[PDB]
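First come two forms of one protein chain, each written alone as structure tokens, so that there is a structure 1 and a structure 2.
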Structure 1
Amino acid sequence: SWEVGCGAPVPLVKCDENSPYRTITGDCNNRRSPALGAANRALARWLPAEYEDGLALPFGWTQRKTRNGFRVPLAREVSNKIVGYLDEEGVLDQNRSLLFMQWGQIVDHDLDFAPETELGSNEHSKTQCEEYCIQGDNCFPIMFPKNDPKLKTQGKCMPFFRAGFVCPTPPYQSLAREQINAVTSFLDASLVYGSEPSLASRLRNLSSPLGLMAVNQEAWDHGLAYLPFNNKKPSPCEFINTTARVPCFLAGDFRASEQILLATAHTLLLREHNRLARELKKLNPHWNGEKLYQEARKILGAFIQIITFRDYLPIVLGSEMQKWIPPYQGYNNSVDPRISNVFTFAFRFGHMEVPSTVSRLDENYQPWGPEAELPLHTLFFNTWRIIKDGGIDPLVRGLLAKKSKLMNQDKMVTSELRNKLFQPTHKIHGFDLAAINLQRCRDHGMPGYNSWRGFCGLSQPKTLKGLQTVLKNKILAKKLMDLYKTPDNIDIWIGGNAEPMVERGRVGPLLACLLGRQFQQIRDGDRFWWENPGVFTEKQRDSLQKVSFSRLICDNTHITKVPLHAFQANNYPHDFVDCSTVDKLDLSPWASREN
């Protein structure tokens, strides 16, 4: 039979069965099944979960118990042997800007977030995990292998807490564990506006009825707005520098200050909200607060969708683009728009595109001072370098004129992330995002590499030579077989990312399939998609199709030189034009014809 029973944890509401606009929660998008795509529900399962015990225990949990007859290797051992490298020279991407990386992290924070089992603060279990590395319940620590330098320096393990899961989070039901997506599955700027009414309210400025969003207080960017500081303690953005005690920014997503360029993009998006509102007020002085909020929010959502599907996905998927995301033919109400559990790993391809430095540049795109270029690890949870060291314009020029790192089968993840990651609960820049990724795959009950290859209609290699042929890399295939013993056992994160990239794209065949499928679904299954007849007018759409990331910059910074195509590599000055070059968003089709 069939049942949509379990999953009561209740963002449960009444559906204003038309209404002009999206809810914050994404409830009500689909009329038949109105929970589809909403925040705080279980990630969808494209294939059944694969746990050690059928139900909840990750592969790797029990020493004795094999996967397919073989021990799964320690995550940190895979990270040491395959993902790591020493030399940063020659590793940059020659036709993608750093914006290409940064935009990917933005789009990802819009689509999926699977927070850890908190069990609140004031907890002895957090001490028991970190301090003692004792595995139990939600403590699943990453153990260092023998030979790991971190053994000498750091202790026995890196702490790691299992992701929260639906129905209960403490004692669990029966039938396989399903992890939570805390944000809305729609591409809808939920990272700006929030995925909960609660946070979505804190974000609004509810004093003056101009539909604006709350802005900063103490700090001003050469006359331009910053996001507001966040309330809560302890705050990691103060912990990194206790003398500057600048806190993290508050935003529609938890992780908004995780790194200084993510913060920086959140500023661009907020400024654009207020510019939309302010000018929508000018044209329509008879529109009340909410009306200005929801009409701005609606335009920004279109912008995120347009940049993404028109500029971003073409240069990720390249040649596979139109194989997995065919031309739009309209809204299909029978399309599942929920984000899949697997997509939350596939989209971590981003991690191999993060370079080891960030640069601040001046008006001539030359180094912004003596410490212009900094190591990435100094910039985790770093809000102060924005306030003290001259605002976001120097960083935004770095985003335009500098490069993404290129995925490389011999240089996968920079040591800035693989050895010096900072985690909020903990005190050191000593963690490994690659290890975390692999451990998290297992946490989430992921099927292995070959199940996903099958899912996407690709060959399933069983030998050393088959793998060598798929990866087109003898040494890599060999290291993978030495750790995992069968390609059946290869974690999807590392499996997917090990494939050579498709022509004109930045991911291999499996990933392009997993990603392409998921983006297709969230476009097709979105009743508020910007191109679905009646969402915007003919004249509105025509105006929206003119937007560009370069126009957004011009209007939200003190930069007057931008490239026409912001995501590819753009050298100053050959590729740069005056802001007057760039098409401006014409808001004159948002004049209300009430009368």
Structure 2
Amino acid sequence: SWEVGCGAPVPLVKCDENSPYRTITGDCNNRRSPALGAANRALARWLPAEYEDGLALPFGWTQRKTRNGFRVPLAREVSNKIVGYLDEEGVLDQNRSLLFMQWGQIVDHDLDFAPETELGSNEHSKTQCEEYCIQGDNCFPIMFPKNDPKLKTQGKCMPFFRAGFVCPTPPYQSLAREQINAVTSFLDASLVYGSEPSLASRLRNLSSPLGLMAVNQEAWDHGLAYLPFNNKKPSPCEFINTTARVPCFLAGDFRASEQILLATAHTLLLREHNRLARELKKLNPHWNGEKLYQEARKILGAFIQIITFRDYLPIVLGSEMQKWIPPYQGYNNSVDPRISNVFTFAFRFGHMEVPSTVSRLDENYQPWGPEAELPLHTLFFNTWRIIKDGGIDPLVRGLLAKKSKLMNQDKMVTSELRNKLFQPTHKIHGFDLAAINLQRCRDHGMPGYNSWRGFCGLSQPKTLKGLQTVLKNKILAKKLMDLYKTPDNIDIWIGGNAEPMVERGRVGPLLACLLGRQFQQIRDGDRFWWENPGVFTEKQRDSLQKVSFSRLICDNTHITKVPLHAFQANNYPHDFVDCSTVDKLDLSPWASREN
């Protein structure tokens, strides 16, 4: 009646509602509707898609087609006129560590991923955009505006391919196009363990019966483990230094080597699983491999949940934390736990938190080596700088002692991302993440800024002066009106990120509402939430309350000096303490069974 009843994923999945553990795919979390929150299904629509033709074609696709009577601006022009800035001085966050930015990317990768269509590049399909910039089908290139420097140096466009959609692949009709979420919507450490059975098994050490995750066999970090290499060619991590020839890492998530501090974070997370699996073997020598894997996995998922909801979200949402995410009251099976399409743009706020450089620091937290600080763009797809140039310990100290970029209406996105982004199969450090984000909003059929203001119960500015009051910025509002002609047409990514930040937070009201709702739903709609009665024992839960990121670092590096509050801006040695000061995770309550 209402829909075509589309069933894209393998419709066949057996549940076994006895099981104490999550599935890898996210299936069977919800008993009534077992596909809810599972990978490889459509992103949720909180509002109906808005396409130029009602169905599929992004706004901007057809030159003569207006949105509400006006042409949508070129995404790269928006980027150049609004998002870009020259001066990196004065741009850092005096009260957020670089680790704050990094955790955000980690959580994001746990929750959502809308891969571009035709997930493996075949033949010369992509001579369309890359070579000749011809818009057609899934080819939706980002065209340069006149007077853009990149015109002189790089050609007429940046290539951009449309995101994958559910029912068919290249064709579709009789319904609006719905993009795919290829990972589980639950905050479940899927970035570590995988979202498909297949990857999930390849990541494991099945050779031993200790419940370990596979580790690198070709390299070590003062004996501490690295992730296995992904030996798929062609490797971007190889392409960026064919002399080192150090390939990308293989992780539960495809994007783990996009930048060195993300690869770093994934490495910490792997070690913690192996560490937990060893402690569980000691206490329970009678537990088999499978038991040890699941129980470690379960602890690790709880860890990410706690860090996120107890430490991270409060200092993102600030004053609005309590409004959108009140204290836990138990699993509710009527709550939809699926990630919305809009959320996958709202969480891009992190793009304005990425600074232009990364530092390696020694044990006195001083520059590590002559080239301790590096431009961010030299670190995309960069594994060799880990394997061959100090392991993760120096980078982790940088995450603690260096600062995030602060979002700034006059300095939104560093040119390292806005001009120097590298993407696989594109060969150059010359893309623009901002422009991509805006093109993707259109690709995904996003409602515009005032639709979402309306959704969130917020005023909907119609005039320049209305917009000035909401943004509390006259020039920004003017540039936005010059480009969009109406606030109704402002892309959600830029509109949302334009708004001044809420007290004690790092996003504005609109984003706090959109993020706040999504996270509430992730928690309340999850049958395996760590605090749901039955998931963990009383005593297990008492031990998990004492997890911290500080302690993750101590147990999984050879770092012995850490802050107590790692997401804060911390200066060494004053704000730093010895590792012995810090609570450990007490695994006693996982002792087989009591006397």
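Here the rigid core means the biggest group of C-alpha atoms that line up within 1.5 Å when the two forms are laid on top of each other. The first residue in the sequence of structure 1 is number 1, and each one after it adds one. Only residues modelled in both forms are compared.
Participant: Which listed residue, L119, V335, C456, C133, is the one whose CA shifts 2 angstroms or more between the two structures with the rigid core aligned?
Facilitator: That would be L119.
Participant: Is the shift of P589 between the two structures large enough to count as movement, that is, does its C-alpha move by 2 Å or more after the core is superposed?
Facilitator: Comparing forms between the two structures, the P589 CA shifts below 2 Å.
Participant: Once both forms are fitted on the core, what is the Cα shift for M412 between the two structures in Å?
Facilitator: A shift of 0.1 Å.
Participant: Keeping the rigid core fixed, what distance in angstrom separates the two C-alpha positions of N18 between the two structures?
Facilitator: On core superposition, this C-alpha lies 2.6 Å from its counterpart.
Participant: What Cα shift, in Å, does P170 show between the two structures once the core is superposed?
Facilitator: That residue's C-alpha sits 1.8 Å away in the other form.
Participant: Tell me, which consecutive runs of three or more residues change place between the two structures by 2 Å or more at the CA, with the core overlaid?
Facilitator: Runs with every C-alpha shifted by at least 2 Å: 1-4, 7-9, 119-125.
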